[PDB]
>>> print(open('start_1.pdb').read())   # PDB, C-alpha atoms
ATOM      1  CA  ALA A   1     -90.336 -66.315 -25.812
ATOM      2  CA  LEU A   2     -92.145 -67.885 -28.726
ATOM      3  CA  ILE A   3     -94.783 -70.564 -28.409
ATOM      4  CA  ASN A   4     -95.749 -72.471 -31.543
ATOM      5  CA  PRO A   5     -99.038 -74.280 -32.115
ATOM      6  CA  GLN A   6     -99.414 -77.117 -32.599
ATOM      7  CA  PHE A   7     -96.091 -77.817 -31.106
ATOM      8  CA  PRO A   8     -96.594 -76.012 -27.944
ATOM      9  CA  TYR A   9     -93.985 -75.507 -25.234
ATOM     10  CA  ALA A  10     -94.875 -77.775 -22.276
ATOM     11  CA  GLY A  11     -96.895 -75.704 -19.883
ATOM     12  CA  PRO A  12     -94.447 -76.242 -17.114
ATOM     13  CA  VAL A  13     -91.608 -78.490 -16.016
ATOM     14  CA  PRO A  14     -93.909 -81.007 -14.400
ATOM     15  CA  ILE A  15     -94.006 -83.524 -11.605
ATOM     16  CA  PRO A  16     -91.541 -86.058 -12.956
ATOM     17  CA  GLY A  17     -88.655 -84.021 -11.670
ATOM     18  CA  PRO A  18     -85.916 -85.957  -9.588
ATOM     19  CA  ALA A  19     -85.466 -84.355  -6.147
ATOM     20  CA  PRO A  20     -81.830 -85.178  -5.689
ATOM     21  CA  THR A  21     -81.028 -84.231  -2.213
ATOM     22  CA  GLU A  22     -82.177 -82.793   1.103
ATOM     23  CA  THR A  23     -78.836 -81.006   1.588
ATOM     24  CA  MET A  24     -80.228 -77.623   1.760
ATOM     25  CA  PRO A  25     -79.107 -76.725   5.138
ATOM     26  CA  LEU A  26     -76.650 -74.164   6.110
ATOM     27  CA  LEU A  27     -75.845 -74.758   9.713
ATOM     28  CA  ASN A  28     -75.740 -71.387  11.553
ATOM     29  CA  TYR A  29     -72.357 -70.580  12.840
ATOM     30  CA  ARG A  30     -72.010 -69.972  16.523
ATOM     31  CA  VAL A  31     -68.594 -68.471  17.724
ATOM     32  CA  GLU A  32     -66.730 -66.440  20.440
ATOM     33  CA  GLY A  33     -63.758 -64.402  19.205
ATOM     34  CA  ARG A  34     -61.096 -62.848  21.400
ATOM     35  CA  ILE A  35     -58.115 -60.730  20.084
ATOM     36  CA  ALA A  36     -56.398 -59.825  23.444
ATOM     37  CA  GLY A  37     -52.652 -59.608  23.495
ATOM     38  CA  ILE A  38     -51.080 -56.947  25.662
ATOM     39  CA  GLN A  39     -50.637 -53.696  23.685
ATOM     40  CA  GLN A  40     -47.495 -51.499  24.479
ATOM     41  CA  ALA A  41     -47.910 -47.758  23.941
ATOM     42  CA  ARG A  42     -45.216 -47.001  21.406
ATOM     43  CA  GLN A  43     -43.797 -47.910  17.960
ATOM     44  CA  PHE A  44     -40.408 -47.074  16.727
ATOM     45  CA  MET A  45     -39.872 -45.200  13.405
ATOM     46  CA  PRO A  46     -37.046 -43.557  11.626
ATOM     47  CA  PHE A  47     -38.849 -40.339  11.561
ATOM     48  CA  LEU A  48     -42.339 -39.254  12.019
ATOM     49  CA  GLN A  49     -43.680 -35.693  12.145
ATOM     50  CA  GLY A  50     -40.660 -33.744  10.866
ATOM     51  CA  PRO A  51     -40.821 -31.104   8.141
ATOM     52  CA  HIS A  52     -37.232 -31.121   7.092
ATOM     53  CA  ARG A  53     -35.477 -28.083   5.720
ATOM     54  CA  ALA A  54     -34.955 -28.182   1.926
ATOM     55  CA  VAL A  55     -32.597 -25.211   2.163
ATOM     56  CA  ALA A  56     -31.820 -23.159   5.125
ATOM     57  CA  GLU A  57     -31.257 -19.452   5.018
ATOM     58  CA  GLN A  58     -27.864 -18.148   5.732
ATOM     59  CA  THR A  59     -27.543 -17.458   9.528
ATOM     60  CA  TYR A  60     -24.951 -15.473  11.565
ATOM     61  CA  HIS A  61     -23.676 -14.011  14.896
ATOM     62  CA  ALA A  62     -22.170 -10.499  15.339
ATOM     63  CA  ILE A  63     -19.292  -8.614  16.913
ATOM     64  CA  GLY A  64     -17.587  -5.270  16.804
ATOM     65  CA  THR A  65     -15.009  -3.762  18.752
ATOM     66  CA  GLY A  66     -12.447  -1.166  18.960
ATOM     67  CA  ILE A  67     -11.584   2.385  19.446
ATOM     68  CA  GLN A  68     -11.448   5.684  17.542
ATOM     69  CA  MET A  69      -7.866   6.382  16.662
ATOM     70  CA  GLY A  70      -6.189   8.271  13.759
ATOM     71  CA  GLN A  71      -2.990   9.660  12.003
ATOM     72  CA  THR A  72      -3.920  12.733   9.735
ATOM     73  CA  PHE A  73      -2.297  15.057   7.149
ATOM     74  CA  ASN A  74      -4.143  18.376   6.257
ATOM     75  CA  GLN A  75      -4.255  20.654   3.140
ATOM     76  CA  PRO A  76      -2.151  23.740   3.310
ATOM     77  CA  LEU A  77      -3.502  27.199   3.903
ATOM     78  CA  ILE A  78      -4.517  29.185   0.717
ATOM     79  CA  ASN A  79      -5.216  32.832  -0.152
ATOM     80  CA  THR A  80      -8.872  33.616   0.248
ATOM     81  CA  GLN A  81     -10.447  34.819  -2.962
ATOM     82  CA  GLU A  82     -13.435  36.994  -2.229
ATOM     83  CA  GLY A  83     -15.783  37.995   0.551
TER      84      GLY A  83
ATOM     85  CA  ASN B 298     -49.342 -90.754 -13.158
ATOM     86  CA  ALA B 299     -50.157 -87.988 -15.621
ATOM     87  CA  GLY B 300     -53.938 -88.430 -15.491
ATOM     88  CA  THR B 301     -53.952 -91.862 -17.134
ATOM     89  CA  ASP B 302     -55.247 -93.543 -13.954
ATOM     90  CA  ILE B 303     -58.272 -91.230 -13.672
ATOM     91  CA  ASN B 304     -61.602 -91.147 -15.556
ATOM     92  CA  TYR B 305     -62.604 -87.699 -14.269
ATOM     93  CA  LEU B 306     -62.452 -85.237 -11.369
ATOM     94  CA  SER B 307     -65.182 -82.924 -10.132
ATOM     95  CA  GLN B 308     -66.675 -80.772  -7.398
ATOM     96  CA  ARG B 309     -70.205 -81.869  -6.536
ATOM     97  CA  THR B 310     -72.900 -80.489  -4.251
ATOM     98  CA  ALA B 311     -75.720 -82.156  -2.346
ATOM     99  CA  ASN B 312     -77.953 -82.918  -5.131
ATOM    100  CA  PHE B 313     -75.576 -84.886  -7.279
ATOM    101  CA  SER B 314     -75.034 -81.940  -9.440
ATOM    102  CA  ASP B 315     -71.475 -81.442 -10.764
ATOM    103  CA  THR B 316     -70.219 -77.881 -11.360
ATOM    104  CA  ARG B 317     -67.080 -79.035 -13.188
ATOM    105  CA  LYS B 318     -66.951 -82.760 -13.981
ATOM    106  CA  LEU B 319     -63.931 -82.953 -16.282
ATOM    107  CA  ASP B 320     -61.672 -85.522 -17.925
ATOM    108  CA  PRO B 321     -58.070 -85.157 -16.662
ATOM    109  CA  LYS B 322     -56.679 -83.195 -19.615
ATOM    110  CA  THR B 323     -59.508 -80.671 -19.510
ATOM    111  CA  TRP B 324     -59.085 -80.351 -15.755
ATOM    112  CA  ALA B 325     -55.356 -79.726 -16.431
ATOM    113  CA  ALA B 326     -56.331 -77.117 -19.044
ATOM    114  CA  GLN B 327     -58.070 -75.054 -16.347
ATOM    115  CA  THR B 328     -54.952 -75.264 -14.210
ATOM    116  CA  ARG B 329     -52.735 -74.174 -17.114
ATOM    117  CA  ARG B 330     -54.799 -70.962 -17.174
ATOM    118  CA  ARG B 331     -53.927 -70.433 -13.517
ATOM    119  CA  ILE B 332     -50.192 -71.262 -13.277
ATOM    120  CA  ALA B 333     -49.106 -71.228 -16.944
ATOM    121  CA  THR B 334     -48.019 -74.881 -16.803
ATOM    122  CA  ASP B 335     -49.030 -78.211 -15.189
ATOM    123  CA  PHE B 336     -48.418 -79.254 -11.578
ATOM    124  CA  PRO B 337     -46.279 -82.452 -11.250
ATOM    125  CA  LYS B 338     -47.650 -85.900 -12.135
ATOM    126  CA  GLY B 339     -50.648 -86.860 -10.057
ATOM    127  CA  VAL B 340     -51.129 -83.385  -8.580
ATOM    128  CA  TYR B 341     -54.487 -81.745  -9.312
ATOM    129  CA  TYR B 342     -55.515 -78.213  -8.451
ATOM    130  CA  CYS B 343     -58.878 -76.478  -8.117
ATOM    131  CA  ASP B 344     -59.314 -72.679  -7.760
ATOM    132  CA  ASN B 345     -62.383 -71.486  -5.780
ATOM    133  CA  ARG B 346     -60.975 -68.096  -4.781
TER     134      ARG B 346
END
>>> encode(input="start_1.pdb", output="structure tokens")
Amino acid sequence: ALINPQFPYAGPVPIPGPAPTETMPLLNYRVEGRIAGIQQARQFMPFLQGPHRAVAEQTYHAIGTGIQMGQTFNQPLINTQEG
Amino acid sequence: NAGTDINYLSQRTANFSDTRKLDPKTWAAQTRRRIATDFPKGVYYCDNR
């Protein structure tokens, strides 16, 4: 702010002001609020809580069976070298 | 009518104090900033969101 003498800035907005209204009042709000609809315990989703496999491992079962059977052919006898 | 039957529009509070006393075209200008065009003839909008 600058004040300049001799033209000085009025020393106030004075008493000639026009009170325009008495509408100043905010009427307090008084209220009762009830949000009470029956609630049912459940919601349907496509899927909740699953941690789906991105790849599975290979998996398997097992079997064996049979017996011990055989047809054989042997090497001929040979002269013994030494000993 | 497209504003020609109105001197001005405004929103005023209890002291006679207008916060936006505007001629119709200027009022329409504010609306053009909101919906990119004008509402139909005789329809005036005011945003206080």
>>> residues_around(input="start_1.pdb", residues="residue 315 (chain B)", least_positions_apart="5", cutoff="12 Å", atoms="all atoms listed in the file", output="ChimeraX atom specification")
/B:305-310
>>> write_last_selection(input="start_1.pdb", atoms="C-alpha atoms", output="mmCIF file, keeping the file's coordinate frame")
data_model
loop_
_atom_site.group_PDB
_atom_site.id
_atom_site.type_symbol
_atom_site.label_atom_id
_atom_site.label_comp_id
_atom_site.auth_asym_id
_atom_site.auth_seq_id
_atom_site.Cartn_x
_atom_site.Cartn_y
_atom_site.Cartn_z
ATOM 1 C CA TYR B 305 -62.604 -87.699 -14.269
ATOM 2 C CA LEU B 306 -62.452 -85.237 -11.369
ATOM 3 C CA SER B 307 -65.182 -82.924 -10.132
ATOM 4 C CA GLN B 308 -66.675 -80.772 -7.398
ATOM 5 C CA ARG B 309 -70.205 -81.869 -6.536
ATOM 6 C CA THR B 310 -72.900 -80.489 -4.251
#
>>> atom_distance(input="start_1.pdb", atom1="CA of residue 328 (chain B)", atom2="CA of residue 299 (chain B)")
13.7 Å
>>> interface_residues(input="start_1.pdb", of="chain B", to="chain A", cutoff="9 Å", atoms="all atoms listed in the file", output="PyMOL selection string")
chain B and resi 310-314
>>> resolve_selection(input="start_1.pdb", expression="the PyMOL selection byres ((chain B and resi 343) around 9)", output="count of residues only")
8
>>> resolve_selection(input="start_1.pdb", expression="the PyMOL selection byres ((chain B and resi 339) around 8)", output="list in words")
residues 298, 299, 300, 337, 338, 340 and 341 of chain B
>>> write_last_selection(input="start_1.pdb", atoms="C-alpha atoms", output="mmCIF file, in the frame of the given file")
data_model
loop_
_atom_site.group_PDB
_atom_site.id
_atom_site.type_symbol
_atom_site.label_atom_id
_atom_site.label_comp_id
_atom_site.auth_asym_id
_atom_site.auth_seq_id
_atom_site.Cartn_x
_atom_site.Cartn_y
_atom_site.Cartn_z
ATOM 1 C CA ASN B 298 -49.342 -90.754 -13.158
ATOM 2 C CA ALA B 299 -50.157 -87.988 -15.621
ATOM 3 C CA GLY B 300 -53.938 -88.430 -15.491
ATOM 4 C CA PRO B 337 -46.279 -82.452 -11.250
ATOM 5 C CA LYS B 338 -47.650 -85.900 -12.135
ATOM 6 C CA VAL B 340 -51.129 -83.385 -8.580
ATOM 7 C CA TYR B 341 -54.487 -81.745 -9.312
#
>>> atom_distance(input="start_1.pdb", atom1="CA of residue 320 (chain B)", atom2="CA of residue 335 (chain B)")
14.9 Å
>>> atom_distance(input="start_1.pdb", atom1="CA of residue 303 (chain B)", atom2="CA of residue 323 (chain B)")
12.1 Å
>>> axis_aligned_box(input="start_1.pdb", around="region 1-13 of chain A", padding_each_side="6 Å", output="AutoDock Vina command-line options")
--center_x -94.9 --center_y -72.4 --center_z -24.3 --size_x 21.1 --size_y 24.2 --size_z 28.6
